[PDB]
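Participant: the amino acid sequence is not available; the structure is as follows:
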């Protein structure tokens with residue numbers, strides 16, 4: 001059942017239902033008589049282009065490299081406090097769309113549902129015998145949200161309409177529409193900074209202004225203009241259409257210098273719609289959505305309760321249909337938040353109701369910028385990933401300037417936290433374990449090569465993908481230096497957000513050739529060499545990368561048998577940290593595999609056990625894919641119990657523990673779309689793997705899924721895989737052709753080989 005069923009209105013934001021089209025978002029509350037829909041436009045950010053690079057940080061680079069080579073790790077960190085930058089800008093809420101249904105009486109027979117198969121939300125109630133019905137969806141081809149209010153009997157739809165926003169805004173009616181337009185703060189301090197003014201509206205340098213317009217189209221009765229909005233009385237049915245836009249002209253354009261008039265952008269959007277036909281807009285919306293969502297079908301076996309009750313019931317029932325429902329829900333959230341031509345998905349997709357979000361709803365690139373597009377590889381959603389490639393491309397103008405100012409190196413880079421203005425610089429004056437990671441852009445390049453391995457865009461690899469991959473490798477050449485042992489190392493180098501020593505409140509993090517850095521540069525260099533082999537160019541450049549790849553700092557197995565996180569045996573068995581970075585090679589990558597690197601594969605299992613005695617929303621969901629790559633199906637069994645802990649709403653802080661809110665959203669401390677989209681990535685690796693040179697059929701099938709049929713999956717080479725198992729044994733599998741000729745399959749202790757596929761082949765027990 002692809003439906004999220006509830007029996008009351010949302011009591012808070014973590015109970016609303018998300019709908020979107022990748023540019024316009026909305027949270028439907030399902031209220032009875034005072035409806036609220038939180039409105040979001042993806043480009044509505046605070047601030048304006050600034051200068052975030054650090055000129056005087058270049059002079060401290062040889063000194064940091066000197067403090068590390070002398071093994072004076074304290075001096076390394078206290079110098080890292082001088083190569084930093086400033087925090088990002090915040091993601092803003094566009095406002096609220098209120099709908100005050102003016103019916104007087106008791107409501108019964110209520111139900112609220114979210115159809116992730118049709119990308120439409122519904123709310124139903126019965127007041128005084130008259131049955132009422134509401135529909136919500138955001139059309140991607142028509143770039144607007146649509147709502148229809150229907151009643152069982154005519155003349156029963158009467159309400160009031162208004163739009164208020166927490167930003168600067170005006171509200172007034174005109175023609176047959178409600179107009180709300182306003183500004184975004186010229187600067188917004190992050191949620192943790194406690195200063196005199198946290199939200200600024202500077203007249204000289206203004207922020208991004210937005211234009212919103214709700215077209216009210218009732219049928220029957222009369223409707224006039226009441227106060228800021230409009231009022232409808234005694235209508236047969238009401239249809240609303242809402243589209244919004246901003247004057248954002250690019251990361252390198254000041255909003256006060258913009259040549260975009262958002263009123264014109266929104267009105268032209270409404271001209272293409274013409275007259276308002278709901279059953280035409282709905283037929284256009286669902287068709288555009290099903291072409292992406294119908295590519296993958298999952299069925300883990302047989303279901304009538306409420307969704308908030310199913311999450312509570314997983315700790316006893318362990319419903320294989322609930323884990324199958326969230327699997328499609330992850331695919332649904334990425335489609336409705338990232339589309340070609342649009343921006344990618346930030347820490348909360350496109351949905352954010354807060355002026356000062358948690359972590360400014362930024363694009364953190366050590367985590368949560370990835371784990372959102374891992375599903376776009378296996379579950380065949382390349383369209384959403386194209387928004388990330390266009391996004392990575394726009395980092396180079398700002399990343400080259402950061403690479404040459406802060407370090408004097410060539411190419412481009414990007415640190416963890418980046419905002420709409422494409423900040424490739426560090427994040428504020430904080431602990432260096434957080435705000436120093438130049439190789440964040442190197443990880444982003446992994447999605448460039450994987451987009452070709454899975455989908456087969458050879459021309460797009462030539463003109464767009466490889467040119468970005470090539471410059472990021474150029475910086476790595478100037479970032480890698482030699483040690484006494486003649487190895488290629490990185491300095492400064494930190495395993496993301498983890499410290500190895502202490503000097504009080506000094507969480508020492510600056511080290512040399514950490515396993516995290518050595519896996520990314522090896523992954524970027526390897527993927528660039530294979531890119532040049534395909535495109536038949538850069539013979540001298542690849543050989544330069546291959547020579548550098550032959551002398552990286554070696555893998556080391558710690559005294560406990562674990563994979564060493566740093567260049568030395570500094571791993572501690574009671575380290576309950578949340579970032580197992582050196583395990584990048586296992587799930588996001590192909591290095592720690594039984595056939596390629598058995599030493600680092602067995603040592604990765606011991607690392608994971610040490611770090612799990614750790615229940616963060618993205619932590620549990622990642623451990624699903626980690627254990628799937630370690631071929632342990634009973635450890636993935638326990639991870640699904642941890643992820644399906646019912647998180648009571650209002651738990652909006654790290655101390656308040658939870659795993660899944662009532663609306664199936666990932667919980668962590670706050671809503672975090674990363675766990676929603678990485679859950680799909682970890683579940684798919686339980687049933688299909690293609691990183692180790694063979695299409696592994698069902699390597700980590702859980703014990704409680706004896707039956708199941710999944711179709712439409714994608715493996716390395718463009719192969720479409722369909723798998724049906726019954727009673728814990730593979731019944732039949734189909735390998736559709738892709739873009740690579742030879743294919744090799746592997747299930748349990750059996751290996752099949754096909755020298756060529758021109759027609760979907762079958763694989764039976």
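Facilitator: Received it, and whenever you're ready, just let me know what you need. Residues are numbered from 1 along each chain as shown.
Participant: use CA for all of it now, contacts and neighbours both
Facilitator: Will do.
Participant: how many residues are close by the nearest residue to residue 144 once chain neighbours are set aside?
Facilitator: Excluding its sequence neighbours, the residue lying closest to residue 144 (C-alpha to C-alpha, 6 or more residues apart in numbering) is residue 243, at 4.3 Å. For residue 243, the count of nearby residues is 25 (other C-alpha atoms under 10 Å).
Participant: what's opposite residue 243 in the beta bridge?
Facilitator: Beta bridges link residue 243 to residue 213, judged by DSSP bridges.
Participant: next, the contact list for it, please.
Facilitator: 24, 143-145, 212-214, 266, 269-270 (C-alpha atoms under 8 Å, 6 or more residues apart in numbering).
Participant: of those residues, which is the nearest to residue 388?
Facilitator: Of all those, residue 388 sits closest to residue 24, with 17.1 Å by C-alpha to C-alpha.
Participant: is it true that the closest one touches residue 141?
Facilitator: No. Using C-alpha atoms under 8 Å, residue 24 is not in contact with residue 141; the gap is 11.6 Å.
Participant: who has more neighbours, the two?
Facilitator: residue 24 (28 against 15).
Participant: got a list of what the more buried one touches?
Facilitator: 39-42, 138, 143-145, 243-244, 350 are the contacts of residue 24 under C-alpha under 8 Å, 6+ apart.
Participant: who does it form a beta bridge with?
Facilitator: Taking DSSP bridges, one obtains residue 41 as the residues bridged to residue 24.
Participant: helix or strand for residue 477, just tell me which one.
Facilitator: Assessed by DSSP states H and E, residue 477 sits inside helix 466-479.
Participant: same for that helix, what does it pack against?
Facilitator: If contacts are counted by 3 or more C-alpha pairs under 8 Å, 6 or more residues apart in numbering; DSSP states H and E, helix 466-479 sits against helix 440-455, helix 515-535.
Participant: how is the chain partitioned into domains?
Facilitator: As given by automatic domain parsing, the domain ranges for the chain are 4-44+93-292, 51-78+394-554, 295-380+652-765.
Participant: in a markdown table: those domains, plus distance to residue 618.
Facilitator: Converted to a markdown table, the domains of the chain look like this (distance: least, C-alpha to C-alpha, whole Å):
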| stretch | distance to residue 618 |
| --- | --- |
| domain 4-44+93-292 | 17 |
| domain 51-78+394-554 | 15 |
| domain 295-380+652-765 | 5 |
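Participant: quick one, which of those is nearest to residue 387?
Facilitator: Among the domains of the chain, the nearest to residue 387 by C-alpha to C-alpha is domain 295-380+652-765 (5.0 Å).
Participant: contacts only, for the residue most central in space within the chain.
Facilitator: By C-alpha atoms, centre = their mean, the mean C-alpha position of the chain lies nearest to residue 372, the distance being 3.1 Å. Contacts for residue 372 (C-alpha under 8 Å, 6+ apart) come out as 334, 345, 673-674, 677-678.
Participant: where's residue 124, which helix or strand?
Facilitator: Taking DSSP H and E as the definition, one finds residue 124 inside strand 120-127.
Participant: and what of residue 601?
Facilitator: In the assignment (DSSP H and E), residue 601 maps to helix 598-611.
Participant: and for that helix, what's in contact with it?
Facilitator: Contacts for helix 598-611 (C-alpha under 8 Å, 6+ apart): 555, 557, 560-563, 572-578, 580, 583, 586, 592-594, 630.
Participant: repeat for stretch 478-494
Facilitator: Residues outside stretch 478-494 that contact it (C-alpha under 8 Å, 6+ apart) are 64-65, 68, 409-410, 433, 436-437, 509-514, 516-518, 548, 551-553.
Participant: stretch 459-473 now?
Facilitator: Stretch 459-473 has contacts (C-alpha under 8 Å, 6+ apart) with 389, 393, 396, 410-413, 441-442, 445, 448-449, 452, 521, 524-525, 528, 531, 535.
Participant: buried subset of those residues?
Facilitator: 389, 393, 396, 410-413, 441-442, 445, 448-449, 452, 521, 524-525, 528, 531 (16 or more other C-alpha atoms under 10 Å).
Participant: return the residues in contact with residue 241.
Facilitator: If you count contacts by C-alpha under 8 Å, 6+ apart, residue 241 has them with 144-147, 214-216.
Participant: out of those residues, who has the most neighbours?
Facilitator: Ranked by the number of neighbours (other C-alpha under 10 Å), the contacts of residue 241 place residue 144 first, at 27 neighbours.
Participant: could you dump the helices and strands packed on helix 466-479 into CSV and include distance to residue 728?
Facilitator: Shown next, in CSV, are the helices and strands packed on helix 466-479 (distance: least, C-alpha to C-alpha, whole Å):
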stretch, distance to residue 728
helix 440-455, 28
helix 515-535, 35
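Participant: out of the ones you listed, nearest to residue 723?
Facilitator: Closest to residue 723 of those is helix 440-455 (C-alpha to C-alpha; 18.2 Å).
Participant: my guess is residue 325 meets residue 114, correct?
Facilitator: No. Taking contacts as C-alpha under 8 Å, residue 325 lies outside contact range of residue 114: 11.7 Å.
Participant: so those two - more neighbours on which side?
Facilitator: Neighbour totals were compared for residue 325 and residue 114, and residue 114 leads with 25 against 20 (other C-alpha under 10 Å).
Participant: tell me which helix or strand residue 745 sits in.
Facilitator: Per DSSP H and E, residue 745 falls inside strand 743-747.
Participant: so what secondary structure elements neighbour that strand?
Facilitator: The contact analysis (3+ C-alpha pairs under 8 Å, 6+ apart) places strand 743-747 against strand 695-697, strand 750-754.
Participant: can you say which of the ones you listed is packed in most?
Facilitator: For the helices and strands packed on strand 743-747, ranked by mean neighbour count under the definition mean count of other C-alpha atoms under 10 Å, the leader is strand 695-697 at a mean of 23.
Participant: just how off-centre is the next helix or strand after that strand within its chain?
Facilitator: Moving toward the C-terminus from strand 695-697, the next helix or strand (DSSP H and E) is strand 708-714. In terms of C-alpha atoms, centre = their mean, to the nearest Å, the gap separating the centre of strand 708-714 from the centre of its chain is 22 Å.
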